[PDB]
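The structure appears below as C-alpha cells.
We did not get these values from a lab; they are worked out from the coordinates using the rules stated.
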Amino acid sequence: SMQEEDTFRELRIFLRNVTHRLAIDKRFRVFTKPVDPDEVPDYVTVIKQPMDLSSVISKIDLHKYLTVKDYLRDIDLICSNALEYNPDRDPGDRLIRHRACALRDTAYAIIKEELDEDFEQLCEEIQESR
Ligand SMILES: CC(=O)N[C@@H](C)C(=O)NCC#CBr
Ligand SMILES: [Cl-]
C-alpha cells in the first residue's frame with residue numbers, strides 16, 4: 001500500500017540521518033570508503049563481505065533495508081570485519097578495533113534514543129507480510 005511505502009520512506013530518511021552522523025565523525029573516516037586493494041591486496045581474500053558507510057548509503061537508496069535490524073547487521077559487519085582483519089596487539093590494529101567498536105556502539109546508542117520501538121515493529125510486520 002502507499003501507507004507501507006510511506007513507512008519504508010520514513011525508515012530510509014531515519015537510516016540516512018544515522019549514517020550521515022557516523023560518516024562525519026573524524027574517528028570513523030577509515031570506515032567511510034571501501035578498503036583500497038592497492039594498499040591492502042589481501043583484504044578482499046580475508047574479508048568475504050566488505051562493508052563501509054558508503055556501501056550502507058548505497059544500500060539504503062537501493063531499498064535493501066526494510067527494518068532497522070537489517071541495517072544494524074551491516075553496521076555489525078563493519079565492526080566484526082575490523083576485529084577479524086586487525087586482531088594484533090600493536091597500536092595500529094588496537095586503534096582500528098577501538099574505532100570499529102565505537103562506530104557500532106554509537107549507531108546502537110542513536111537507535112536506542114531515537115528509534116520508536118513501535119515504528120520498528122511496524123517495519124518488521126510489513127517485511128514479514130511480503
Ligand atoms: C578497515 C580496515 O580494516 N582497514 C585496515 C586494512 C587498516 O589497517 N586500516 C588503516 C587505515 C586507514 Br584510512
Ligand atoms: Cl588517524
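In a Gaussian network model over the chain where Cα atoms closer than 10 Å are linked, find which of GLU120, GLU84, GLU39 has the largest mean-square fluctuation.
Result for the chain, Cα springs under 10 Å: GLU39 fluctuates most.
Considering Cα pairs under 8 angstrom that are at least six residues apart, work out the relative contact order of the chain and quote it in whole percent.
About 28 percent, as a whole number.
Suppose only helical runs count, i.e. DSSP H with n ≥ 4. What mean residue ellipticity at 222 nm does that imply for the chain under -39500 (n - 2.57) per run, divided by all residues and rounded to the nearest 500 deg cm²/dmol?
-22500 deg cm²/dmol
Can you tell me which of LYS48, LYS33, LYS59 moves the most in a GNM of the chain? Springs connect C-alpha atoms under 10 Å apart.
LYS48
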